[PDB]
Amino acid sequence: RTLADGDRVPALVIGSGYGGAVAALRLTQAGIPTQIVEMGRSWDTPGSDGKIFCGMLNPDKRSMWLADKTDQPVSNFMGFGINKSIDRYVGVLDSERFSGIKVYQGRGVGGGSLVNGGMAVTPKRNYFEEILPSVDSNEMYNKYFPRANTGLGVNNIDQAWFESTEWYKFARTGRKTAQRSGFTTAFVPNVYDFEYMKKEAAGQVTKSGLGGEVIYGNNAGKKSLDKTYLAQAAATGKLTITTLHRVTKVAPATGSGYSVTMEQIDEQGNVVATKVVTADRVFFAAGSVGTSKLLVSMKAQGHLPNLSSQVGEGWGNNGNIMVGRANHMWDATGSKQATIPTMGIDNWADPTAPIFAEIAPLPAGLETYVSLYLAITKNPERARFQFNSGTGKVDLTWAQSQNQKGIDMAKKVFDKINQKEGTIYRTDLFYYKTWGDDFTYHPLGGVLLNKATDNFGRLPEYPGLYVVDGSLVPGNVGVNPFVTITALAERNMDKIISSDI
């Protein structure tokens, strides 16, 4: 059963996304009874319509975390994406507003794996060696990265099927125009079962990726963490998952261990109870934003006053920038679009315009002629979290203007394709904005490896406290982050379990 006030637990993992799922798997396999505390719900119970998740075409209360309206980056575009009113509910996608950026995050058992596009990319070794020089890259490349990819269930699309299917016409068009401008394109591996997708196209199985589902969950096909790491962790019989509990405070307990305060909420987000449990070891896996907010609050409120001054520093947005281009009539993108991106434009090696851009679907169900892109740029800008005395809240200092360096990098590539194709940008996808620069899907940093923590995620001032999630990464990895977070967690857990436990 779930955690009760007064309980004493060997290992408590806060959060159940990538870092938390790796921690839980490795701890329980080591034979350590482990409690995961997750603020969202378990997504294994059908809603009204008999399905677990809602699709993007007709979202309902299941879409958003405690909100009165849906929120998608593309709004009111040709019948698609219009924000509708919903009941407040513990829905799957949180659009967390800070002053200069909104951070999209998954909420529920599996964290971001529930809502993400499944793109599983291993960073370039050269860049990896440069941004994380304290990490033994041989171990990462010979062992931890492969371990992560295999554990996550990464697979590749059948390229012959890709070429023929109407569902990926948008990607073929995006590839064609990138290549005509001299840019390199690459297939991108994914945790979505591509064999299942072929059956979807054949009309043989329930459509998910071919049925307008992704950011509010996938009823089928996508290997979210509850199907991989967490299923394996639960299989040991040593895992307990406590859902609908938000951790609010961590402080040294008397005698040993740490007191963990949590708010139990009902499905409407009302706090129904407050509990305190004592844990010998605590693994922060609440995500780049969640972990940073917790540690910054704990330090500023005098609960963990000895934390490093580096706590809260070095947050980045993985240089996320979105943009859409108009194609001419002969470069249709298709009325049937898979929701799972499979193709990227890799220009990272170009020091003048270092970007990796995925060709994203805009599944509106009609021909829009739009090529949509999500670009990861090598934006050097960073921000920090800081506790605000007046409000009792943690603020993020990121300013929207800090995205300008990323836009300039992206522009260099997209302007070149626009010149070759004689096309213009769309300005109606995001308030007459061309560049989608006020949100990120990829928050990274805040509690940097070997800066705020030791070289393995330990908080040295408080033995037994560990950080295992995206807050460790220095703001940008040059590709979709989850494979990196998983592999880094794999590395750290290996050392912690072998050294500390």
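All residue numbers refer to positions in the sequence shown, first residue = 1.
**Student:** Looking at the deposited sequence, how many residues between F430 and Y431 were given no coordinates in the entry: none, 1 to 3, 4 to 9, or 10 or more?
**Tutor:** Per the deposited record, the segment joining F430 and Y431 lacks coordinates for 1 to 3 residues.
**Student:** Would you mind comparing 77-85 and 206-214 for me and telling me which has the higher average C-alpha temperature factor in the entry?
**Tutor:** On average, C-alpha B-factors are higher across 77-85.
**Student:** Is the mean CA B factor in the deposited entry higher across 368-376 or across 391-399?
**Tutor:** It is 391-399 that shows the higher mean C-alpha B-factor.
**Student:** Per the entry's Cα B factor values, which of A171, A353, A178, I241 stands out as the maximum?
**Tutor:** If I rank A171, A353, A178, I241 by C-alpha B-factor, first place goes to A353.
**Student:** Tell me which of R97, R107, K227, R426 tops the list for C-alpha B factor in the record.
**Tutor:** Max CA B-factor in the entry, restricted to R97, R107, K227, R426: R97.
**Student:** Just say lowest, middle or highest third for the CA B-factor of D193 relative to the other modelled residues in its chain.
**Tutor:** Lowest third - that is where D193 ends up once the chain's C-alpha B-factors are sorted.
**Student:** State the tercile, meaning the lowest, middle or highest third, of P341 with respect to the CA B-factors recorded for its chain.
**Tutor:** Middle third.
**Student:** Going by the entry, which third of its chain does the Cα temperature factor of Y462 land in?
**Tutor:** For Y462, whose C-alpha B-factor we compare with every modelled residue in the chain, the answer is the highest third.
**Student:** With respect to C-alpha B-factor, does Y258 fall in the lowest, middle or highest third of the chain as deposited?
**Tutor:** Its C-alpha B-factor, which the entry lists for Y258, ranks in the highest third among residues of this chain.
**Student:** Looking at the C-alpha B-factor of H245, is it in the lowest, middle or highest third of its chain?
**Tutor:** Tercile = lowest for this residue's CA B-factor.
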